[PDB]
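Everything below concerns the one structure shown next.
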Amino acid sequence: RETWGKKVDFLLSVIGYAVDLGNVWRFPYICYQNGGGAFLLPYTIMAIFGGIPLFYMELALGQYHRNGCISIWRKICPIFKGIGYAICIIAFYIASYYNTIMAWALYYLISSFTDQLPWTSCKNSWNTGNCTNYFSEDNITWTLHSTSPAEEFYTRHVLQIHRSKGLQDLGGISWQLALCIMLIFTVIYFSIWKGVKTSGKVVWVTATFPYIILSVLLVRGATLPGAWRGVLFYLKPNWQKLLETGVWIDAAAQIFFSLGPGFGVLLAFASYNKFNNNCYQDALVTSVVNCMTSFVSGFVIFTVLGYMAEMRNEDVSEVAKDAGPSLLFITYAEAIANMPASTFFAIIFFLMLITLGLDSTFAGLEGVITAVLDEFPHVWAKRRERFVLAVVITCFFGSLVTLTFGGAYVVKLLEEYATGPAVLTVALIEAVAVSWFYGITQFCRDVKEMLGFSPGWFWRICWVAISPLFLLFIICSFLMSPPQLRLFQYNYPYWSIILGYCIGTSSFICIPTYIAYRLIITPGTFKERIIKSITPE
Amino acid sequence: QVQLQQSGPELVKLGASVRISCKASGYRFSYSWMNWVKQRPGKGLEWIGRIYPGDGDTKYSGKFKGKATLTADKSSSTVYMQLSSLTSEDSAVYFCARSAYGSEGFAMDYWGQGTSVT
Amino acid sequence: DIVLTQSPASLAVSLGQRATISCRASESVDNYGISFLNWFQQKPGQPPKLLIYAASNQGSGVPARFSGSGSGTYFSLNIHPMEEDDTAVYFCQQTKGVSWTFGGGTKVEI
Ligand SMILES: *[C@@H]1O[C@H](CO)[C@@H](O[C@@H]2O[C@H](CO)[C@@H](O)[C@H](O)[C@H]2NC(C)=O)[C@H](O)[C@H]1NC(C)=O
Ligand SMILES: CC(C)CCC[C@@H](C)[C@H]1CC[C@H]2[C@@H]3CC=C4C[C@@H](O)CC[C@]4(C)[C@H]3CC[C@]12C
Ligand SMILES: CCCCCCCCCCCC
Ligand SMILES: CCCCCCCCCCCC
Ligand SMILES: CCCCCCCCCCCC
Ligand SMILES: CCCCCCCCCC
Ligand SMILES: CCCCCCC
Ligand SMILES: CCCCCCC
Ligand SMILES: CCCCCCC
Ligand SMILES: CCCCCCC
Ligand SMILES: CCCCCCC
Ligand SMILES: CCCCC
């Protein structure tokens, strides 16, 4: 089949997918929401135990099989073939949720071109009454309804939630966001139409730019006065509330979404070349660099937050407690507005966001567009371009549901419902099929001689008990404790909670309905049926 | 409240320059715009320009940017309008309005007494 | 610069009947769901007085007899039958950026 070619290009694409605008969006936000310092100490061990097996085993299976992500299960467990459609639906939901954020970032990049950025002062298009956050000398009198210029810019300019009274009420049209989505999808299509050649050609040029932007932002934030309270709040042990009512399950979900295992993209990337004697090293290097990037992102987030809190002369907690997605887009907005080096830092930060989001959504769409073609050979023969066009069509059609609605409500719903229980139980089914059903002995007997080292005594005991135990504990705790939704002082109703639970439990029903279809098409009785249907070809 | 007090009447000569003051008080004048209108005797209203005290943002229009200039004073809470090349055509009475907030549509709720500059 | 036009120019209606004031333009001033339009009450000698908030809401201190609605290009000012003192000229103001222009003016008399 197709070969990756440059090993450096392959590894760079893997680490560029590992680094995610979604991770940069979720990790520091939920960290500051749950307490800040009490998020990184019980983080690295869970990150290891949750991602290192799910990354290494998946990469090994991909490099051993090299037949895509949907048709790969035919040689392991054909009963669990519905996991391919599950991964497809989950990636579609992720792209539908991700394109709106990409459009927001690109619109911010476009609007950050004027010399007078609309973040230093509220203009003639926002509520100047609510707009009062201006750092003067004894001129601010905070009240129960005090807002910020960046908050108003995020609320009544790009999202326009003031016209939407909730999920039960529709919203107005957004032609600017529609054109932004059109441009982003055109770029994605022009980058994904050719194939793996352009895949490797576009990633290597947008890979070091986010890193250099992160480094220059860190070295800039390390100079502004007031970067001490932020790091002190970011480095507090706080051993009080991590035993039972802790945020461990949200940290696990976040690191899972950041490393992105079981999303089919890693399996599809490993399904190209054999990649001998480098699977373990690739997995470890990718996970380490992703964890380091997430740590640097959280560090700069908390540095900027502490600088803002010290300039405001108030605690770090009160700054954007209810703003879920708006936290970043108001904090960095006010940071650029306060720093005397504006009109360039905002531009480079938005360009870093655009590059990261492009790389992430490109890998996410590729992990499906190169996996469905293996299941559909008649399509893969000639109609690859038409199938790419059709999947782009349906992707932006699904994104239009959130676009026309004009609100981040569906965005938050997909943020804490799509990439949560659905992909969690998908990874659980994958791990169960790899460990219990498929023999770990014969699964490792080949990678042993392929990598020259013995993977025993760590994965032989991690893949069987601790990883599935944690991955099931997280999901049962999630199903037991309803994650109440809050956004912009708007409590989501019980009907919204029920709809979220329904979409979460239906985003993976394809696997059991395919199991039932296979059981009803296969004749006979239960025992012989299962013993001749669970046959790794 | 309604405290947009202005000065008395001025004298107009061919090629002169006058200054019209506008004392603002009773609200956050550092975050609200200040508008200036022009009304001729027996004619309708004409817009001159707007000024945002606190940031110096000015947006002149109405073919008046060549002879009018707005200046804000946060220390004295006054709004000044610099005039130049006065003529009997534009010699009329000028007011001093105050724009509302964003959700209110920037409506001139509070007005001044009026400077009968003739 | 966006120009506003008013029609009719004079309304010689008596006491006891309602009237309508029109303020048309190429815009389409609707932005963020807020119709940028303001109606003023200018009496001879007296400064103008604000009547309508964003062409949909009533102002402060104005009696409930003043009202009006509209969307996009077409804007109307449905006024209750006026009294012997409510006779005055009315202007419509467009507050959409970046330039602000006033209307012509109607001669509401009895
Ligand atoms: C600041 O914003 C709040 C909204 O959170 C404004 O409060 C509202 O006032 C309007 C009009 O009186 C009501 O329709 C809303 O229901 C109110 N909302 C809440 C949550 O109370 C407040 O008026 C704004 N303040 C300023 C000075 O503009
Ligand atoms: C001063 C610091 C912040 C700048 C360095 C940023 C680091 C974390 C990033 C930026 C560029 C990245 C490298 C880009 C290219 C390659 C070559 C590939 O075959 C192995 C990974 C490797 C080596 C990456 C490792 C991580 C890397 C070095
Ligand atoms: C965030 C830091 C991750 C460090 C991962 C170390 C993994 C060590 C595995 C050792 C196996 C014998
Ligand atoms: C005034 C119009 C400016 C338009 C700028 C478009 C920039 C597009 C960047 C796309 C990056 C992927
Ligand atoms: C009034 C501001 C309009 C901003 C429009 C941004 C998008 C322009 C088209 C970009 C196409 C790629
Ligand atoms: C090549 C044209 C493909 C068109 C696909 C249309 C999909 C519509 C999904 C609602
Ligand atoms: C009224 C529609 C509610 C669900 C929106 C997301 C599909
Ligand atoms: C004004 C509505 C625009 C919809 C665009 C759909 C592609
Ligand atoms: C044709 C591909 C353009 C990619 C631009 C990334 C910023
Ligand atoms: C073109 C209008 C689309 C409405 C979608 C509502 C979810
Ligand atoms: C009212 C929108 C559909 C809700 C379905 C809940 C199961
Ligand atoms: C920004 C558009 C690029 C098309 C190739």
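Please note that chains go A, B, ... in the order of the structure tokens, that every chain numbers its residues from 1, and that ligands are numbered from 1 in the order shown.
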Mind running chain A against ligand 2 at 10 Å and telling me each contacting residue's nearest atom pair with the distance in Å (one decimal), counting only C-alpha atoms and all ligand atoms, chain and number ascending, as CSV?
residue,atom,partner,partner_atom_place_in_ligand_line,distance
A:6,CA,ligand 2,19 (O),9.1
A:7,CA,ligand 2,19 (O),6.9
A:8,CA,ligand 2,19 (O),3.8
A:9,CA,ligand 2,19 (O),6.9
A:10,CA,ligand 2,19 (O),8.1
A:11,CA,ligand 2,18 (C),5.9
A:12,CA,ligand 2,18 (C),5.5
A:13,CA,ligand 2,18 (C),9.3
A:14,CA,ligand 2,21 (C),9.5
A:15,CA,ligand 2,21 (C),7.6
A:16,CA,ligand 2,12 (C),9.2
A:204,CA,ligand 2,14 (C),8.4
A:207,CA,ligand 2,14 (C),7.3
A:208,CA,ligand 2,11 (C),5.2
A:209,CA,ligand 2,10 (C),8.4
A:210,CA,ligand 2,10 (C),8.4
A:211,CA,ligand 2,10 (C),5.3
A:212,CA,ligand 2,4 (C),6.5
A:213,CA,ligand 2,3 (C),9.3
A:214,CA,ligand 2,3 (C),7.5
A:215,CA,ligand 2,3 (C),5.2
A:216,CA,ligand 2,3 (C),8.7
A:218,CA,ligand 2,3 (C),9.0
A:219,CA,ligand 2,3 (C),9.8
A:282,CA,ligand 2,20 (C),8.6
A:285,CA,ligand 2,21 (C),7.6
A:286,CA,ligand 2,21 (C),8.1
A:288,CA,ligand 2,26 (C),9.4
A:289,CA,ligand 2,26 (C),6.3
A:290,CA,ligand 2,8 (C),8.9
A:292,CA,ligand 2,8 (C),7.4
A:293,CA,ligand 2,8 (C),7.1
A:296,CA,ligand 2,3 (C),8.8
Could you dump the residues just selected with N, CA and C atoms as a JSON list (two decimals), in the first residue's frame?
[["chain", "number", "residue", "atom", "x", "y", "z"],
["A", 6, "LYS", "N", 9.38, 9.56, 4.49],
["A", 6, "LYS", "CA", 10.30, 10.18, 5.44],
["A", 6, "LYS", "C", 9.86, 9.86, 6.86],
["A", 7, "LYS", "N", 10.73, 9.17, 7.61],
["A", 7, "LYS", "CA", 10.43, 8.85, 9.00],
["A", 7, "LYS", "C", 10.32, 10.11, 9.85],
["A", 8, "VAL", "N", 11.17, 11.11, 9.58],
["A", 8, "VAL", "CA", 11.08, 12.38, 10.28],
["A", 8, "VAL", "C", 9.74, 13.04, 10.00],
["A", 9, "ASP", "N", 9.28, 12.99, 8.74],
["A", 9, "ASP", "CA", 7.99, 13.58, 8.39],
["A", 9, "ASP", "C", 6.86, 12.85, 9.11],
["A", 10, "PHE", "N", 6.92, 11.52, 9.16],
["A", 10, "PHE", "CA", 5.89, 10.75, 9.85],
["A", 10, "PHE", "C", 5.83, 11.12, 11.33],
["A", 11, "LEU", "N", 6.97, 11.09, 12.01],
["A", 11, "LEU", "CA", 7.00, 11.41, 13.43],
["A", 11, "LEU", "C", 6.57, 12.85, 13.69],
["A", 12, "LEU", "N", 6.93, 13.76, 12.79],
["A", 12, "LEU", "CA", 6.54, 15.15, 12.95],
["A", 12, "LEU", "C", 5.04, 15.32, 12.78],
["A", 13, "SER", "N", 4.44, 14.57, 11.85],
["A", 13, "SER", "CA", 2.98, 14.59, 11.72],
["A", 13, "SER", "C", 2.30, 14.04, 12.96],
["A", 14, "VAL", "N", 2.85, 12.96, 13.53],
["A", 14, "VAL", "CA", 2.26, 12.40, 14.74],
["A", 14, "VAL", "C", 2.32, 13.40, 15.89],
["A", 15, "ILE", "N", 3.47, 14.06, 16.07],
["A", 15, "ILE", "CA", 3.57, 15.00, 17.19],
["A", 15, "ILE", "C", 2.76, 16.26, 16.92],
["A", 16, "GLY", "N", 2.61, 16.64, 15.65],
["A", 16, "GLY", "CA", 1.76, 17.78, 15.32],
["A", 16, "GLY", "C", 0.29, 17.50, 15.54],
["A", 204, "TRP", "N", 4.89, 19.74, 7.82],
["A", 204, "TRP", "CA", 6.24, 20.12, 8.23],
["A", 204, "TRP", "C", 6.46, 21.63, 8.19],
["A", 207, "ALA", "N", 4.56, 23.19, 11.58],
["A", 207, "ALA", "CA", 4.86, 22.42, 12.77],
["A", 207, "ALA", "C", 5.74, 23.17, 13.77],
["A", 208, "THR", "N", 6.78, 23.85, 13.30],
["A", 208, "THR", "CA", 7.65, 24.61, 14.18],
["A", 208, "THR", "C", 7.11, 26.01, 14.48],
["A", 209, "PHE", "N", 6.17, 26.50, 13.68],
["A", 209, "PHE", "CA", 5.57, 27.80, 13.95],
["A", 209, "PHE", "C", 4.81, 27.84, 15.27],
["A", 210, "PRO", "N", 3.94, 26.87, 15.60],
["A", 210, "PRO", "CA", 3.30, 26.92, 16.92],
["A", 210, "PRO", "C", 4.30, 26.84, 18.06],
["A", 211, "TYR", "N", 5.37, 26.05, 17.90],
["A", 211, "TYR", "CA", 6.37, 25.95, 18.96],
["A", 211, "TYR", "C", 7.10, 27.28, 19.16],
["A", 212, "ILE", "N", 7.51, 27.93, 18.07],
["A", 212, "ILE", "CA", 8.22, 29.20, 18.23],
["A", 212, "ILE", "C", 7.28, 30.28, 18.76],
["A", 213, "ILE", "N", 6.00, 30.24, 18.38],
["A", 213, "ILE", "CA", 5.05, 31.20, 18.92],
["A", 213, "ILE", "C", 4.85, 30.98, 20.41],
["A", 214, "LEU", "N", 4.72, 29.72, 20.83],
["A", 214, "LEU", "CA", 4.61, 29.43, 22.26],
["A", 214, "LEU", "C", 5.84, 29.91, 23.02],
["A", 215, "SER", "N", 7.03, 29.70, 22.45],
["A", 215, "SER", "CA", 8.25, 30.11, 23.14],
["A", 215, "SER", "C", 8.34, 31.63, 23.25],
["A", 216, "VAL", "N", 7.98, 32.36, 22.19],
["A", 216, "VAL", "CA", 8.09, 33.81, 22.26],
["A", 216, "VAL", "C", 7.02, 34.38, 23.19],
["A", 218, "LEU", "N", 5.91, 32.80, 25.84],
["A", 218, "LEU", "CA", 6.39, 32.50, 27.18],
["A", 218, "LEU", "C", 7.48, 33.47, 27.61],
["A", 219, "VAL", "N", 8.43, 33.77, 26.71],
["A", 219, "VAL", "CA", 9.50, 34.69, 27.06],
["A", 219, "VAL", "C", 8.99, 36.12, 27.18],
["A", 282, "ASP", "N", 8.87, 6.09, 19.07],
["A", 282, "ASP", "CA", 7.94, 7.07, 18.52],
["A", 282, "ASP", "C", 6.83, 7.39, 19.51],
["A", 285, "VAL", "N", 8.28, 9.39, 22.56],
["A", 285, "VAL", "CA", 8.67, 10.75, 22.20],
["A", 285, "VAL", "C", 7.45, 11.61, 21.94],
["A", 286, "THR", "N", 6.46, 11.06, 21.22],
["A", 286, "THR", "CA", 5.25, 11.82, 20.93],
["A", 286, "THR", "C", 4.50, 12.17, 22.21],
["A", 288, "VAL", "N", 5.70, 12.35, 25.28],
["A", 288, "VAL", "CA", 6.49, 13.27, 26.10],
["A", 288, "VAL", "C", 6.40, 14.69, 25.55],
["A", 289, "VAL", "N", 6.53, 14.85, 24.23],
["A", 289, "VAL", "CA", 6.48, 16.19, 23.67],
["A", 289, "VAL", "C", 5.07, 16.78, 23.78],
["A", 290, "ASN", "N", 4.03, 15.94, 23.69],
["A", 290, "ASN", "CA", 2.68, 16.45, 23.87],
["A", 290, "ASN", "C", 2.44, 16.89, 25.31],
["A", 292, "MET", "N", 4.74, 17.91, 27.39],
["A", 292, "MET", "CA", 5.53, 19.12, 27.61],
["A", 292, "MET", "C", 4.86, 20.33, 26.99],
["A", 293, "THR", "N", 4.27, 20.17, 25.80],
["A", 293, "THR", "CA", 3.56, 21.28, 25.17],
["A", 293, "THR", "C", 2.34, 21.68, 25.99],
["A", 296, "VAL", "N", 3.59, 23.61, 29.03],
["A", 296, "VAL", "CA", 3.98, 24.98, 28.69],
["A", 296, "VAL", "C", 2.74, 25.84, 28.43]]
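Neighbouring residues of residue 35 (chain B) at 10 Å or closer, counting only C-alpha atoms and skipping chain neighbours under 4 positions away, are residues 47, 48, 49, 50, 51, 52, 70, 79, 95, 96, 97, 98, 99, 108 and 111 of chain B; 100 of chain C.
With a cut-off of 6 Å and using only C-alpha atoms and all ligand atoms, the polymer residues contacting ligand 1 are residues 129, 130, 145 and 146 of chain A.
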Any chance you can output those residues with N, CA, C and O atoms as a tab-separated table (two decimals), in the first residue's frame?
chain	number	residue	atom	x	y	z
A	129	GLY	N	-22.19	50.53	28.66
A	129	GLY	CA	-22.57	50.52	30.06
A	129	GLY	C	-21.96	49.35	30.79
A	129	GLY	O	-21.33	49.52	31.85
A	130	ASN	N	-22.14	48.15	30.24
A	130	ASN	CA	-21.47	46.97	30.80
A	130	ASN	C	-19.96	47.07	30.64
A	130	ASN	O	-19.20	46.57	31.48
A	145	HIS	N	-22.88	42.80	38.05
A	145	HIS	CA	-23.05	42.63	36.62
A	145	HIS	C	-21.97	43.37	35.85
A	145	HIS	O	-22.23	44.04	34.85
A	146	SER	N	-20.72	43.27	36.31
A	146	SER	CA	-19.60	43.91	35.65
A	146	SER	C	-19.02	43.00	34.59
A	146	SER	O	-18.79	41.81	34.83
Practice prompt. Produce as a list in words the set of residues near ligand 9, where near means within 7 Å with only C-alpha atoms and all ligand atoms considered.
Written response: residues 187, 190, 191, 202, 206, 354 and 355 of chain A
So that I have them on file, write out the residues from the current selection with N, CA, C and O atoms, as a compact mmCIF listing (two decimals), in the first residue's frame.
# COMPACT_ATOMS: atom_id res chain seq x y z
N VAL A 187 -9.65 25.45 2.24
CA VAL A 187 -8.24 25.20 2.52
C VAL A 187 -8.02 23.74 2.89
O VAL A 187 -7.07 23.09 2.41
N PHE A 190 -8.31 21.60 -0.27
CA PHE A 190 -7.15 21.76 -1.14
C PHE A 190 -5.90 21.14 -0.53
O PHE A 190 -4.97 20.80 -1.27
N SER A 191 -5.85 20.98 0.79
CA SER A 191 -4.70 20.34 1.42
C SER A 191 -4.85 18.82 1.52
O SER A 191 -3.84 18.12 1.60
N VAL A 202 2.41 19.61 4.02
CA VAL A 202 1.77 20.78 4.63
C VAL A 202 2.06 20.79 6.13
O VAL A 202 2.07 21.85 6.76
N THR A 206 3.94 23.91 8.97
CA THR A 206 3.14 24.48 10.05
C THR A 206 3.37 23.76 11.37
O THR A 206 2.46 23.71 12.21
N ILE A 354 -4.51 29.00 14.22
CA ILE A 354 -5.00 28.55 12.93
C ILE A 354 -4.19 27.36 12.44
O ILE A 354 -4.75 26.36 11.97
N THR A 355 -2.87 27.44 12.55
CA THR A 355 -2.02 26.34 12.11
C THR A 355 -2.29 25.08 12.92
O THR A 355 -2.39 23.98 12.36
Closest atom pairs, residues of chain A within 10 Å of ligand 3, only C-alpha atoms and all ligand atoms, as a Markdown table:
| residue | atom | partner | partner_atom_place_in_ligand_line | distance |
| --- | --- | --- | --- | --- |
| A:40 | CA | ligand 3 | 1 (C) | 10.0 |
| A:43 | CA | ligand 3 | 1 (C) | 8.2 |
| A:44 | CA | ligand 3 | 1 (C) | 4.9 |
| A:45 | CA | ligand 3 | 1 (C) | 7.5 |
| A:46 | CA | ligand 3 | 1 (C) | 9.2 |
| A:47 | CA | ligand 3 | 1 (C) | 6.7 |
| A:48 | CA | ligand 3 | 5 (C) | 5.8 |
| A:49 | CA | ligand 3 | 7 (C) | 9.0 |
| A:51 | CA | ligand 3 | 3 (C) | 9.6 |
| A:52 | CA | ligand 3 | 7 (C) | 7.4 |
| A:53 | CA | ligand 3 | 9 (C) | 9.9 |
| A:280 | CA | ligand 3 | 9 (C) | 9.9 |
| A:283 | CA | ligand 3 | 5 (C) | 10.0 |
| A:284 | CA | ligand 3 | 5 (C) | 6.8 |
| A:285 | CA | ligand 3 | 5 (C) | 8.9 |
| A:287 | CA | ligand 3 | 3 (C) | 6.9 |
| A:288 | CA | ligand 3 | 3 (C) | 5.4 |
| A:289 | CA | ligand 3 | 1 (C) | 8.5 |
| A:290 | CA | ligand 3 | 1 (C) | 8.4 |
| A:291 | CA | ligand 3 | 1 (C) | 5.2 |
| A:292 | CA | ligand 3 | 1 (C) | 7.0 |
| A:294 | CA | ligand 3 | 1 (C) | 9.6 |
| A:295 | CA | ligand 3 | 1 (C) | 8.9 |
| A:455 | CA | ligand 3 | 12 (C) | 8.4 |
| A:456 | CA | ligand 3 | 12 (C) | 9.0 |
| A:457 | CA | ligand 3 | 12 (C) | 8.1 |
| A:458 | CA | ligand 3 | 12 (C) | 6.0 |
| A:459 | CA | ligand 3 | 11 (C) | 8.3 |
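For the atom pair formed by CA of residue 345 (chain A) and CA of residue 303 (chain A), the distance is 16.0 Å, given to one decimal.
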Discussion item. Distance limit 6 Å, reference ligand 11, atoms considered: only C-alpha atoms and all ligand atoms. Which residues make the cut? Give them as a PyMOL selection string.
Written reply: chain A and resi 498-499+502
Practice prompt. Could the residues of chain C within 9 Å of chain A, counting only C-alpha atoms, be given as a list in words, please?
Written response: residues 31, 32, 33, 95, 96, 97 and 98 of chain C
Discussion item. Please identify all protein, DNA and RNA residues within 7 Å of ligand 7, counting only C-alpha atoms and all ligand atoms, and report them as a PyMOL selection string.
Written reply: chain A and resi 167-168+401+410
Using N, CA, C and O atoms, can you write the selected residues to a file as a compact mmCIF listing (two decimals), in the first residue's frame?
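Ended up saving to again26.txt:
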# COMPACT_ATOMS: atom_id res chain seq x y z
N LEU A 167 -31.19 26.84 24.14
CA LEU A 167 -31.23 25.79 23.12
C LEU A 167 -32.61 25.67 22.49
O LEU A 167 -32.73 25.29 21.32
N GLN A 168 -33.67 25.97 23.25
CA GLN A 168 -35.03 25.89 22.73
C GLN A 168 -35.36 27.01 21.76
O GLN A 168 -36.37 26.91 21.06
N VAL A 401 -25.24 23.44 11.57
CA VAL A 401 -26.22 23.36 12.64
C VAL A 401 -25.83 24.27 13.80
O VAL A 401 -26.67 24.96 14.38
N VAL A 410 -24.39 24.44 21.75
CA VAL A 410 -24.08 23.17 21.09
C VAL A 410 -22.58 22.91 21.13
O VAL A 410 -22.14 21.76 21.19
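For chain B, the residues no farther than 6 Å from chain A when using only C-alpha atoms are residues 101, 102 and 103 of chain B.
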Item to complete: List every residue of region 21-100 of chain A that DSSP, applied to the backbone of this structure, places in helix (DSSP H, G or I), and write the result as a PyMOL selection string.
Response: chain A and resi 21-34+37-39+44-65+71-75+78-80+82-100
Proximity check chain A to ligand 8, 9 Å, nearest pairs one decimal Å, only C-alpha atoms and all ligand atoms, as a Markdown table:
| residue | atom | partner | partner_atom_place_in_ligand_line | distance |
| --- | --- | --- | --- | --- |
| A:173 | CA | ligand 8 | 1 (C) | 5.6 |
| A:174 | CA | ligand 8 | 1 (C) | 6.6 |
| A:175 | CA | ligand 8 | 1 (C) | 5.2 |
| A:176 | CA | ligand 8 | 3 (C) | 8.9 |
| A:178 | CA | ligand 8 | 5 (C) | 5.6 |
| A:179 | CA | ligand 8 | 5 (C) | 7.6 |
| A:181 | CA | ligand 8 | 7 (C) | 8.7 |
| A:182 | CA | ligand 8 | 7 (C) | 7.3 |
| A:396 | CA | ligand 8 | 7 (C) | 8.2 |
| A:397 | CA | ligand 8 | 7 (C) | 7.9 |
| A:400 | CA | ligand 8 | 6 (C) | 7.3 |
| A:403 | CA | ligand 8 | 4 (C) | 9.0 |
| A:404 | CA | ligand 8 | 2 (C) | 7.6 |
May I have the selected residues written with C-alpha atoms, as a PDB file, in the first residue's frame?
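The resulting file, result.pdb, is reproduced below:
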ATOM      1  CA  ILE A 173     -27.727  34.085  10.560  1.00  0.00           C
ATOM      2  CA  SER A 174     -23.956  34.675  10.654  1.00  0.00           C
ATOM      3  CA  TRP A 175     -22.717  35.394   7.130  1.00  0.00           C
ATOM      4  CA  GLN A 176     -19.217  36.263   8.370  1.00  0.00           C
ATOM      5  CA  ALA A 178     -20.367  31.176   7.142  1.00  0.00           C
ATOM      6  CA  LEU A 179     -17.748  32.697   4.827  1.00  0.00           C
ATOM      7  CA  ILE A 181     -16.166  28.246   7.462  1.00  0.00           C
ATOM      8  CA  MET A 182     -16.291  28.163   3.657  1.00  0.00           C
ATOM      9  CA  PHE A 396     -19.700  21.564   6.908  1.00  0.00           C
ATOM     10  CA  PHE A 397     -23.405  20.684   6.699  1.00  0.00           C
ATOM     11  CA  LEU A 400     -23.928  24.613   9.865  1.00  0.00           C
ATOM     12  CA  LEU A 403     -23.221  28.003  12.772  1.00  0.00           C
ATOM     13  CA  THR A 404     -26.796  29.128  12.086  1.00  0.00           C
TER      14      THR A 404
END
Item to complete: Go through the chains and note each residue within 12 Å of ligand 4, using only C-alpha atoms and all ligand atoms, then give the set as an MDAnalysis selection string.
Response: chainID A and resid 102:103 105:114 176 179:188 190:191 202 206 347:348 350:359
Worksheet entry | Test item: chain C residues at most 9 Å from chain B, counting only C-alpha atoms, as JSON, numbers by chain | {"C": [1, 34, 35, 36, 37, 38, 39, 40, 46, 47, 48, 49, 50, 51, 52, 53, 54, 55, 57, 59, 60, 91, 93, 95, 96, 98, 99, 100, 101, 102, 103, 104, 105]}
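Among the candidate residues C:109, C:17, C:61, C:73, the one lying nearest to residue 30 (chain C) is C:73, with distances computed using only C-alpha atoms.
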Worksheet item: Contacts of region 88-91 of chain B at 12 Å or less, counting only C-alpha atoms, minus same-chain residues fewer than 4 places along, as a VMD selection string?
Response: chain B and resid 9 to 18 37 to 41 43 46 48 63 to 64 67 to 68 83 to 84 115 to 118
Please save C-alpha atoms of the selected residues as a PDB file, in the first residue's frame.
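Just written: out.pdb:
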ATOM      1  CA  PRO B   9     -23.899  83.265  22.969  1.00  0.00           C
ATOM      2  CA  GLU B  10     -20.767  84.117  21.006  1.00  0.00           C
ATOM      3  CA  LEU B  11     -19.988  86.657  18.294  1.00  0.00           C
ATOM      4  CA  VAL B  12     -19.364  85.564  14.699  1.00  0.00           C
ATOM      5  CA  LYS B  13     -17.089  87.431  12.290  1.00  0.00           C
ATOM      6  CA  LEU B  14     -15.665  86.686   8.852  1.00  0.00           C
ATOM      7  CA  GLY B  15     -12.714  84.375   9.476  1.00  0.00           C
ATOM      8  CA  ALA B  16     -12.952  84.027  13.259  1.00  0.00           C
ATOM      9  CA  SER B  17     -12.629  81.203  15.782  1.00  0.00           C
ATOM     10  CA  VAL B  18     -14.738  80.471  18.869  1.00  0.00           C
ATOM     11  CA  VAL B  37     -25.327  68.754  16.357  1.00  0.00           C
ATOM     12  CA  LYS B  38     -25.989  71.837  14.237  1.00  0.00           C
ATOM     13  CA  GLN B  39     -29.405  73.463  13.794  1.00  0.00           C
ATOM     14  CA  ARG B  40     -30.021  76.450  11.524  1.00  0.00           C
ATOM     15  CA  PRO B  41     -32.823  78.954  12.237  1.00  0.00           C
ATOM     16  CA  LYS B  43     -34.054  74.439   9.197  1.00  0.00           C
ATOM     17  CA  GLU B  46     -27.382  68.524  11.100  1.00  0.00           C
ATOM     18  CA  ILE B  48     -21.218  67.410  13.126  1.00  0.00           C
ATOM     19  CA  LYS B  63     -18.270  67.957   5.608  1.00  0.00           C
ATOM     20  CA  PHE B  64     -17.195  69.520   8.909  1.00  0.00           C
ATOM     21  CA  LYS B  67     -13.337  73.442  10.136  1.00  0.00           C
ATOM     22  CA  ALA B  68     -14.270  71.612  13.370  1.00  0.00           C
ATOM     23  CA  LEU B  83     -14.129  76.157  15.458  1.00  0.00           C
ATOM     24  CA  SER B  84     -12.283  77.741  12.544  1.00  0.00           C
ATOM     25  CA  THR B 115     -25.152  77.953  22.449  1.00  0.00           C
ATOM     26  CA  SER B 116     -26.843  80.510  20.176  1.00  0.00           C
ATOM     27  CA  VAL B 117     -23.709  81.277  18.167  1.00  0.00           C
ATOM     28  CA  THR B 118     -24.964  84.051  15.883  1.00  0.00           C
TER      29      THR B 118
END
